Amino acid sequence: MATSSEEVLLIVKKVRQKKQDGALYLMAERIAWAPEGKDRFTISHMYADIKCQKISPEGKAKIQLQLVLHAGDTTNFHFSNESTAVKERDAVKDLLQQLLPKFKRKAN
Amino acid sequence: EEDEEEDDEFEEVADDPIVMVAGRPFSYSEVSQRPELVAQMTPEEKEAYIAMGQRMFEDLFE
């Protein structure tokens, strides 16, 4: 969505951020989430400020994805796509983990 | 307004890049754990692995 034309990695939908149904957008250099149908993302984090990740594995009925940033903030994305939730989480997690080193900037 | 989020089972994910070996996509922690992989990895792949490591290596110093 950036004017710089970034490489959108993965567009996840039915992504609930604290009971807020929206979508999780993994963009080239930033992970941004927005509810239902919004142009302006609600939560935008850059792979450069993210320290590590945390994810609810297959032992979780609720498909969640926590992002631990260097700032001292951790956001847990609650995927509720009954058909892809887990895979979309795992996908995001995969892309997230793999793409992190590209912008990873230890500021803490 | 409530909270259905608990955080009782999360895998601390680690920023791990993908390094191909012999044309096969392996993870960095995967390639590093397998000496045979780096031993079967081409110069390009080895340099790629090394370079990919330098990226993370340049993000330390603390």
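Heads up, the Cβs are rebuilt from the backbone with ideal geometry, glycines too, and the neighbour counts pull from every protein chain shown. Just so you know, all these numbers are worked out from the coordinates, no wet-lab data involved.
Would it be correct to say that A:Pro35 is surrounded by fewer than 20 Cβ atoms within 10 Å (Cβ to Cβ), facing another protein chain (nearest Cβ under 10 Å) and without any contact (Cβ under 8 Å) to a residue 40 or more places away in the chain? Here the answer is no, as A:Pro35 does not meet what is asked. Considering A:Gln66, A:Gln20, A:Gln98, A:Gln53, the condition of being within 20 Å of B:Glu6 (Cβ to Cβ) and in contact with a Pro (Cβ under 8 Å, 6 or more places away or on another chain) is satisfied by A:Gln20 alone.
The numbered conditions (1) of a type in the set (D, E, K, R); (2) within 12 Å of chain B (Cβ to nearest Cβ); (3) farther than 23 Å from B:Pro17 by Cβ; (4) buried (at least 16 other Cβ atoms within 10 Å of the Cβ) are all true for A:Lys19 except (4). The residues of region B:10-54 that are closer than 24 Å to A:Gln66 by Cα, charged (D, E, K, R) and over 8 Å from the mean Cα position of the chain (by Cα), listed by number, are B:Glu11, B:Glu12.
For every residue, the table says whether it meets (1) more than 17 Å from A:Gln97 (Cβ to Cβ); (2) within 14 Å of the chain's Cα centre (by Cα).
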residue	(1), (2)
A:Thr3	yes, no
A:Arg16	yes, yes
A:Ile43	yes, yes
A:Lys51	no, yes
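When B:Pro43, B:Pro25 are screened for being closer than 26 Å to A:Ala91 by Cα and exposed (fewer than 15 other Cβ atoms within 10 Å of the Cβ), only B:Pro25 passes.
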